[PDB]
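data27.txt (compact mmCIF, N, CA, C and O atoms) appears below.
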```txt
# COMPACT_ATOMS: atom_id res chain seq x y z
N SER A 19 -7.67 -17.90 16.32
CA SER A 19 -7.13 -16.77 15.57
C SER A 19 -7.85 -15.48 15.95
O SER A 19 -8.99 -15.51 16.42
N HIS A 20 -7.19 -14.35 15.73
CA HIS A 20 -7.71 -13.04 16.08
C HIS A 20 -8.37 -12.37 14.88
O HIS A 20 -7.88 -12.48 13.75
N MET A 21 -9.49 -11.70 15.12
CA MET A 21 -10.07 -10.84 14.10
C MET A 21 -9.21 -9.63 13.79
O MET A 21 -9.37 -9.03 12.72
N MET A 22 -8.30 -9.26 14.69
CA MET A 22 -7.35 -8.20 14.38
C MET A 22 -6.43 -8.62 13.24
O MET A 22 -6.01 -7.78 12.44
N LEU A 23 -6.11 -9.91 13.15
CA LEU A 23 -5.22 -10.41 12.11
C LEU A 23 -5.92 -10.49 10.76
O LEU A 23 -5.37 -10.05 9.74
N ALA A 24 -7.14 -11.04 10.74
CA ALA A 24 -7.85 -11.23 9.47
C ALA A 24 -8.20 -9.90 8.82
O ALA A 24 -8.09 -9.75 7.60
N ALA A 25 -8.62 -8.92 9.62
CA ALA A 25 -8.89 -7.59 9.07
C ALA A 25 -7.61 -6.93 8.59
O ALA A 25 -7.63 -6.16 7.62
N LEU A 26 -6.48 -7.21 9.25
CA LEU A 26 -5.20 -6.68 8.79
C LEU A 26 -4.73 -7.41 7.53
O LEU A 26 -4.18 -6.79 6.62
N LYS A 27 -4.95 -8.73 7.47
CA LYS A 27 -4.56 -9.50 6.30
C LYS A 27 -5.36 -9.10 5.07
O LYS A 27 -4.82 -9.06 3.96
N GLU A 28 -6.65 -8.80 5.25
CA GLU A 28 -7.47 -8.39 4.11
C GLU A 28 -7.04 -7.03 3.58
O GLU A 28 -7.05 -6.80 2.37
N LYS A 29 -6.66 -6.12 4.48
CA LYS A 29 -6.22 -4.80 4.05
C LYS A 29 -4.86 -4.85 3.37
O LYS A 29 -4.61 -4.09 2.43
N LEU A 30 -3.98 -5.75 3.83
CA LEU A 30 -2.70 -5.94 3.15
C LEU A 30 -2.88 -6.55 1.77
O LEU A 30 -2.12 -6.25 0.85
N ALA A 31 -3.89 -7.42 1.60
CA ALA A 31 -4.17 -7.99 0.29
C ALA A 31 -4.85 -6.99 -0.63
O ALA A 31 -4.55 -6.95 -1.83
N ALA A 32 -5.76 -6.18 -0.10
CA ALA A 32 -6.46 -5.20 -0.92
C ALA A 32 -5.51 -4.11 -1.41
O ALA A 32 -5.65 -3.61 -2.53
N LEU A 33 -4.54 -3.72 -0.57
CA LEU A 33 -3.56 -2.72 -1.00
C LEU A 33 -2.54 -3.30 -1.96
O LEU A 33 -1.93 -2.55 -2.73
N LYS A 34 -2.34 -4.62 -1.95
CA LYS A 34 -1.50 -5.25 -2.97
C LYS A 34 -2.23 -5.32 -4.30
O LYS A 34 -1.58 -5.26 -5.36
N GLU A 35 -3.56 -5.44 -4.28
CA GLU A 35 -4.33 -5.42 -5.51
C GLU A 35 -4.55 -4.00 -6.02
O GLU A 35 -4.74 -3.79 -7.22
N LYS A 36 -4.52 -3.01 -5.12
CA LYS A 36 -4.58 -1.62 -5.56
C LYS A 36 -3.26 -1.18 -6.19
O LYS A 36 -3.26 -0.35 -7.11
N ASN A 37 -2.14 -1.74 -5.73
CA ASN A 37 -0.85 -1.44 -6.34
C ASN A 37 -0.74 -2.08 -7.71
O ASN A 37 -0.15 -1.50 -8.63
N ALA A 38 -1.29 -3.29 -7.88
CA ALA A 38 -1.27 -3.94 -9.18
C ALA A 38 -2.13 -3.20 -10.19
O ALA A 38 -1.78 -3.10 -11.37
N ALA A 39 -3.28 -2.67 -9.74
CA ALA A 39 -4.11 -1.86 -10.63
C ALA A 39 -3.42 -0.55 -10.99
O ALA A 39 -3.66 0.00 -12.07
N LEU A 40 -2.57 -0.03 -10.10
CA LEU A 40 -1.78 1.15 -10.42
C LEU A 40 -0.72 0.84 -11.47
O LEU A 40 -0.39 1.70 -12.29
N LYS A 41 -0.18 -0.38 -11.45
CA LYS A 41 0.79 -0.78 -12.46
C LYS A 41 0.16 -0.80 -13.85
O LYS A 41 0.77 -0.36 -14.82
N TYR A 42 -1.07 -1.30 -13.95
CA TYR A 42 -1.76 -1.33 -15.24
C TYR A 42 -2.17 0.06 -15.69
O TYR A 42 -2.21 0.33 -16.89
N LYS A 43 -2.49 0.96 -14.75
CA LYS A 43 -2.79 2.34 -15.11
C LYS A 43 -1.56 3.04 -15.68
O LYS A 43 -1.69 3.90 -16.56
N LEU A 44 -0.37 2.70 -15.19
CA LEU A 44 0.85 3.26 -15.76
C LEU A 44 1.08 2.76 -17.18
O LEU A 44 1.48 3.53 -18.06
N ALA A 45 0.83 1.46 -17.42
CA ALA A 45 1.05 0.89 -18.75
C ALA A 45 0.19 1.58 -19.80
O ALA A 45 0.66 1.89 -20.90
N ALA A 46 -1.09 1.81 -19.48
CA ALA A 46 -1.98 2.48 -20.43
C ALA A 46 -1.52 3.90 -20.70
O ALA A 46 -1.68 4.40 -21.83
N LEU A 47 -0.96 4.58 -19.70
CA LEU A 47 -0.56 5.97 -19.87
C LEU A 47 0.77 6.10 -20.61
O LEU A 47 1.07 7.19 -21.11
N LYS A 48 1.56 5.03 -20.68
CA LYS A 48 2.72 5.04 -21.56
C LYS A 48 2.34 4.96 -23.03
O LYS A 48 3.21 5.15 -23.89
N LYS A 49 1.08 4.69 -23.34
CA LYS A 49 0.60 4.68 -24.73
C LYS A 49 0.10 6.07 -25.11
O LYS A 49 0.74 6.79 -25.88
N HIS A 50 -1.05 6.47 -24.56
CA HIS A 50 -1.56 7.82 -24.77
C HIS A 50 -0.76 8.81 -23.94
O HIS A 50 -0.53 8.59 -22.74
N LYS A 51 -0.34 9.91 -24.57
CA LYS A 51 0.59 10.85 -23.94
C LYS A 51 0.07 11.43 -22.63
O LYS A 51 0.88 11.90 -21.82
N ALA A 52 -1.25 11.43 -22.43
CA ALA A 52 -1.90 11.78 -21.17
C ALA A 52 -1.84 13.27 -20.84
O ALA A 52 -0.82 13.93 -21.04
N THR A 53 -2.95 13.79 -20.32
CA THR A 53 -3.08 15.17 -19.89
C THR A 53 -2.53 15.33 -18.47
O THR A 53 -2.38 14.34 -17.75
N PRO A 54 -2.21 16.55 -18.05
CA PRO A 54 -1.83 16.75 -16.64
C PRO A 54 -2.90 16.30 -15.67
O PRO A 54 -2.58 15.85 -14.57
N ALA A 55 -4.18 16.40 -16.05
CA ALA A 55 -5.25 15.96 -15.16
C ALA A 55 -5.20 14.45 -14.96
O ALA A 55 -5.41 13.96 -13.84
N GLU A 56 -4.91 13.70 -16.02
CA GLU A 56 -4.75 12.26 -15.89
C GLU A 56 -3.47 11.91 -15.14
O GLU A 56 -3.44 10.91 -14.41
N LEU A 57 -2.42 12.71 -15.30
CA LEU A 57 -1.20 12.50 -14.53
C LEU A 57 -1.42 12.85 -13.06
O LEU A 57 -0.94 12.14 -12.17
N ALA A 58 -2.15 13.93 -12.79
CA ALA A 58 -2.48 14.29 -11.42
C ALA A 58 -3.45 13.31 -10.78
O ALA A 58 -3.50 13.21 -9.55
N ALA A 59 -4.23 12.58 -11.59
CA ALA A 59 -5.17 11.61 -11.03
C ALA A 59 -4.44 10.38 -10.52
O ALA A 59 -4.74 9.89 -9.42
N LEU A 60 -3.49 9.85 -11.29
CA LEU A 60 -2.70 8.72 -10.82
C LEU A 60 -1.83 9.09 -9.63
O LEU A 60 -1.55 8.24 -8.78
N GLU A 61 -1.39 10.35 -9.56
CA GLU A 61 -0.61 10.80 -8.41
C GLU A 61 -1.47 10.87 -7.15
O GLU A 61 -1.04 10.43 -6.08
N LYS A 62 -2.68 11.41 -7.27
CA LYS A 62 -3.59 11.46 -6.13
C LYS A 62 -3.96 10.05 -5.66
O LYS A 62 -4.15 9.83 -4.46
N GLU A 63 -4.05 9.10 -6.59
CA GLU A 63 -4.26 7.71 -6.20
C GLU A 63 -3.01 7.12 -5.54
O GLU A 63 -3.13 6.24 -4.68
N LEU A 64 -1.83 7.60 -5.93
CA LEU A 64 -0.61 7.16 -5.27
C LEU A 64 -0.54 7.69 -3.84
O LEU A 64 -0.13 6.96 -2.93
N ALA A 65 -0.94 8.94 -3.62
CA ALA A 65 -0.92 9.50 -2.28
C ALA A 65 -1.96 8.85 -1.37
O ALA A 65 -1.75 8.75 -0.16
N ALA A 66 -3.08 8.40 -1.94
CA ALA A 66 -4.09 7.70 -1.14
C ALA A 66 -3.58 6.35 -0.66
O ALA A 66 -3.95 5.91 0.43
N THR A 67 -2.72 5.69 -1.44
CA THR A 67 -2.15 4.43 -1.00
C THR A 67 -1.12 4.65 0.11
O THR A 67 -1.05 3.86 1.06
N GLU A 68 -0.34 5.73 0.02
CA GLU A 68 0.63 6.03 1.07
C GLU A 68 -0.07 6.33 2.39
O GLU A 68 0.44 5.98 3.46
N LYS A 69 -1.24 6.97 2.33
CA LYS A 69 -1.99 7.23 3.55
C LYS A 69 -2.54 5.94 4.15
O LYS A 69 -2.52 5.76 5.37
N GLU A 70 -3.05 5.04 3.30
CA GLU A 70 -3.57 3.77 3.80
C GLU A 70 -2.46 2.89 4.35
O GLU A 70 -2.68 2.15 5.32
N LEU A 71 -1.26 2.94 3.75
CA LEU A 71 -0.14 2.18 4.28
C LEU A 71 0.35 2.74 5.61
O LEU A 71 0.80 1.98 6.48
N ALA A 72 0.26 4.06 5.80
CA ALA A 72 0.72 4.67 7.04
C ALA A 72 -0.23 4.36 8.19
O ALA A 72 0.22 4.10 9.32
N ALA A 73 -1.54 4.37 7.94
CA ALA A 73 -2.49 4.03 8.98
C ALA A 73 -2.47 2.54 9.30
O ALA A 73 -2.77 2.14 10.43
N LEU A 74 -2.12 1.71 8.32
CA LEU A 74 -2.00 0.27 8.57
C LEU A 74 -0.85 -0.03 9.52
O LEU A 74 -0.92 -1.01 10.27
N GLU A 75 0.20 0.79 9.50
CA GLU A 75 1.28 0.64 10.48
C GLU A 75 0.76 0.83 11.90
O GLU A 75 1.17 0.13 12.82
N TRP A 76 -0.14 1.80 12.09
CA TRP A 76 -0.77 1.99 13.39
C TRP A 76 -1.70 0.84 13.72
O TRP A 76 -1.80 0.42 14.88
N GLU A 77 -2.41 0.32 12.72
CA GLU A 77 -3.28 -0.84 12.92
C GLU A 77 -2.47 -2.03 13.40
O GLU A 77 -2.80 -2.66 14.42
N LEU A 78 -1.41 -2.38 12.67
CA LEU A 78 -0.52 -3.46 13.09
C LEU A 78 0.15 -3.14 14.42
O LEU A 78 0.50 -4.06 15.17
N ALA A 79 0.34 -1.86 14.73
CA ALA A 79 0.97 -1.49 15.99
C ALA A 79 0.02 -1.69 17.17
O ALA A 79 0.46 -2.08 18.26
N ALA A 80 -1.27 -1.43 16.97
CA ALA A 80 -2.24 -1.69 18.03
C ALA A 80 -2.37 -3.18 18.30
O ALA A 80 -2.69 -3.58 19.43
N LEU A 81 -2.13 -4.02 17.29
CA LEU A 81 -2.17 -5.47 17.50
C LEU A 81 -0.99 -5.96 18.33
O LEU A 81 -1.15 -6.89 19.12
N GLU A 82 0.18 -5.34 18.17
CA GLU A 82 1.33 -5.76 18.96
C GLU A 82 1.19 -5.35 20.42
O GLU A 82 1.72 -6.03 21.31
N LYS A 83 0.47 -4.26 20.69
CA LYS A 83 0.30 -3.81 22.07
C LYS A 83 -0.63 -4.73 22.84
O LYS A 83 -0.40 -5.01 24.03
N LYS A 84 -1.69 -5.22 22.20
CA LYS A 84 -2.64 -6.10 22.85
C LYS A 84 -2.29 -7.58 22.71
O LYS A 84 -2.95 -8.42 23.33
N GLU A 85 -1.28 -7.91 21.91
CA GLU A 85 -0.91 -9.30 21.68
C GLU A 85 0.45 -9.38 21.00
O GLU A 85 0.53 -9.64 19.79
N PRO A 86 1.55 -9.16 21.73
CA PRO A 86 2.87 -9.18 21.09
C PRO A 86 3.34 -10.57 20.69
O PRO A 86 4.26 -10.68 19.87
N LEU A 87 2.75 -11.63 21.23
CA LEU A 87 3.14 -12.99 20.91
C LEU A 87 2.29 -13.62 19.81
O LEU A 87 2.42 -14.83 19.56
N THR A 88 1.45 -12.84 19.14
CA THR A 88 0.63 -13.39 18.06
C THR A 88 1.50 -13.80 16.88
O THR A 88 2.34 -13.01 16.43
N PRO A 89 1.33 -15.01 16.35
CA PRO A 89 2.07 -15.40 15.14
C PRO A 89 1.60 -14.61 13.93
O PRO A 89 0.45 -14.15 13.87
N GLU A 90 2.52 -14.41 12.99
CA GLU A 90 2.44 -13.61 11.76
C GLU A 90 2.77 -12.15 12.02
O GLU A 90 2.66 -11.34 11.09
N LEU A 91 3.17 -11.77 13.24
CA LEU A 91 3.50 -10.38 13.50
C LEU A 91 4.72 -9.94 12.70
O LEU A 91 4.76 -8.82 12.18
N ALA A 92 5.72 -10.82 12.57
CA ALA A 92 6.91 -10.49 11.80
C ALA A 92 6.60 -10.45 10.30
O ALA A 92 7.10 -9.58 9.58
N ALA A 93 5.78 -11.39 9.82
CA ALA A 93 5.46 -11.43 8.40
C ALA A 93 4.54 -10.27 8.00
O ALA A 93 4.59 -9.82 6.85
N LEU A 94 3.71 -9.78 8.92
CA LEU A 94 2.86 -8.64 8.61
C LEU A 94 3.67 -7.36 8.54
O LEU A 94 3.39 -6.48 7.71
N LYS A 95 4.67 -7.22 9.41
CA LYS A 95 5.54 -6.04 9.37
C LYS A 95 6.41 -6.04 8.11
O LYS A 95 6.69 -4.97 7.56
N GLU A 96 6.83 -7.22 7.66
CA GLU A 96 7.62 -7.30 6.43
C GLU A 96 6.75 -7.14 5.19
O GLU A 96 7.23 -6.61 4.17
N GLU A 97 5.49 -7.57 5.24
CA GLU A 97 4.60 -7.37 4.11
C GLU A 97 4.23 -5.90 3.93
O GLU A 97 4.02 -5.44 2.80
N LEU A 98 4.13 -5.15 5.04
CA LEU A 98 3.85 -3.73 4.94
C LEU A 98 5.06 -2.96 4.42
O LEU A 98 4.91 -2.02 3.63
N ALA A 99 6.26 -3.35 4.85
CA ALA A 99 7.47 -2.70 4.35
C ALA A 99 7.67 -2.95 2.86
O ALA A 99 8.23 -2.10 2.16
N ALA A 100 7.21 -4.10 2.36
CA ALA A 100 7.29 -4.37 0.93
C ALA A 100 6.28 -3.53 0.16
O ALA A 100 6.60 -3.01 -0.92
N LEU A 101 5.07 -3.39 0.69
CA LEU A 101 4.05 -2.58 0.02
C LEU A 101 4.47 -1.12 -0.03
O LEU A 101 4.17 -0.42 -1.01
N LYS A 102 5.15 -0.63 1.01
CA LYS A 102 5.62 0.75 1.00
C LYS A 102 6.71 0.95 -0.05
O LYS A 102 6.73 1.97 -0.74
N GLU A 103 7.62 -0.02 -0.18
CA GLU A 103 8.66 0.07 -1.21
C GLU A 103 8.07 -0.11 -2.60
O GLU A 103 8.58 0.49 -3.56
N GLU A 104 7.01 -0.90 -2.73
CA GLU A 104 6.38 -1.09 -4.03
C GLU A 104 5.62 0.16 -4.46
O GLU A 104 5.62 0.51 -5.65
N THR A 105 4.97 0.84 -3.52
CA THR A 105 4.26 2.07 -3.85
C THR A 105 5.23 3.16 -4.28
O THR A 105 4.96 3.89 -5.25
N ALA A 106 6.36 3.29 -3.59
CA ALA A 106 7.35 4.30 -3.94
C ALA A 106 7.94 4.06 -5.33
O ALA A 106 8.25 5.02 -6.04
N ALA A 107 8.10 2.79 -5.72
CA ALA A 107 8.63 2.50 -7.05
C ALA A 107 7.67 2.94 -8.14
O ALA A 107 8.11 3.25 -9.26
N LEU A 108 6.37 2.96 -7.85
CA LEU A 108 5.40 3.48 -8.80
C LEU A 108 5.41 5.00 -8.86
O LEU A 108 5.00 5.57 -9.88
N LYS A 109 5.88 5.66 -7.80
CA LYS A 109 5.98 7.12 -7.81
C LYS A 109 7.10 7.59 -8.72
O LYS A 109 6.93 8.55 -9.48
N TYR A 110 8.27 6.94 -8.64
CA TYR A 110 9.37 7.31 -9.52
C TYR A 110 9.04 7.00 -10.98
O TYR A 110 9.42 7.75 -11.88
N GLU A 111 8.34 5.89 -11.22
CA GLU A 111 7.95 5.54 -12.59
C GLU A 111 6.98 6.57 -13.16
O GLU A 111 7.11 6.96 -14.33
N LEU A 112 6.02 7.02 -12.36
CA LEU A 112 5.07 8.02 -12.84
C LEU A 112 5.76 9.35 -13.12
O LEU A 112 5.40 10.04 -14.08
N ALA A 113 6.73 9.73 -12.29
CA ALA A 113 7.39 11.02 -12.43
C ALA A 113 8.20 11.14 -13.72
O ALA A 113 8.66 12.24 -14.03
N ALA A 114 8.37 10.05 -14.46
CA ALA A 114 9.08 10.08 -15.73
C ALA A 114 8.14 10.10 -16.93
O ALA A 114 8.61 10.04 -18.07
N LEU A 115 6.83 10.18 -16.71
CA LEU A 115 5.87 10.27 -17.80
C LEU A 115 5.81 11.69 -18.35
O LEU A 115 5.30 11.92 -19.45
```
Could you quickly redo this structure as structure tokens?
Amino acid sequence: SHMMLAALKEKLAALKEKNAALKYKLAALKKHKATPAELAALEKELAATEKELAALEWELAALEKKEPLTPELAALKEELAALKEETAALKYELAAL
């Protein structure tokens, strides 16, 4: 196995746990009406996830250039596309607070 895969798999798992922590941050803010600073804080955390997902596409892209026949290449591209759609769904939910 490649260390390019394991480092990519760990980052895909950590960003899935960062999205789940963002879900719980939304739930708490549906209770307390929240200040603009707290609303701007969850938004800045949302933009940080979009940046990490965008650089991960380049990370996965460098792996395809040096090893296009590596197994899990299709599942890693689909897992990143799901994380991007999951992050965007948290953006629309926040915009209604």
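Counting from atom CA of residue A:23, the distance to atom CA of residue A:88 is 8.9 Å.
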**Report entry** Selection: 9 Å around stretch 72-82 of chain A, only C-alpha atoms, excl. self and same-chain fewer than 6 positions, as a ChimeraX atom specification
**Finding:** /A:22-23,26,29-30,88,91,94-95,98,102
Query raised in the report: For the atom pair atom CA of residue A:34 and atom CA of residue A:52, what is the interatomic distance in Å to one decimal place?
Result: 24.9 Å
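A straight line drawn from atom N of residue A:33 to atom N of residue A:45 is 18.4 Å long.
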Padding 3 Å on each side, edges along x, y and z: where is the centre of the box around the listed atoms of stretch 46-52 of chain A, and how long are its edges in Å to one decimal? Output it as AutoDock Vina command-line options.
```
--center_x 0.6 --center_y 7.9 --center_z -22.7 --size_x 11.2 --size_y 18.1 --size_z 12.4
```
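Among the candidates A:40, A:24, A:114, A:93, the one nearest to residue A:65 when counting only C-alpha atoms is A:40.
With distances restricted to only C-alpha atoms, A:60 is the closest residue to residue A:111 from A:66, A:60, A:21, A:99.
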Requested in this report: Using backbone DSSP assignments, extract all helix (DSSP H, G or I) residues from chain A; output them as a PyMOL selection string.
Outcome: chain A and resi 21-47+54-84+91-112
Query raised in the report: Residues at most 12 Å from residue A:46, counting only C-alpha atoms, excluding those fewer than 3 positions away in the same chain, as an MDAnalysis selection string?
Result: chainID A and resid 39:43 49:52 56:57 60 112 115
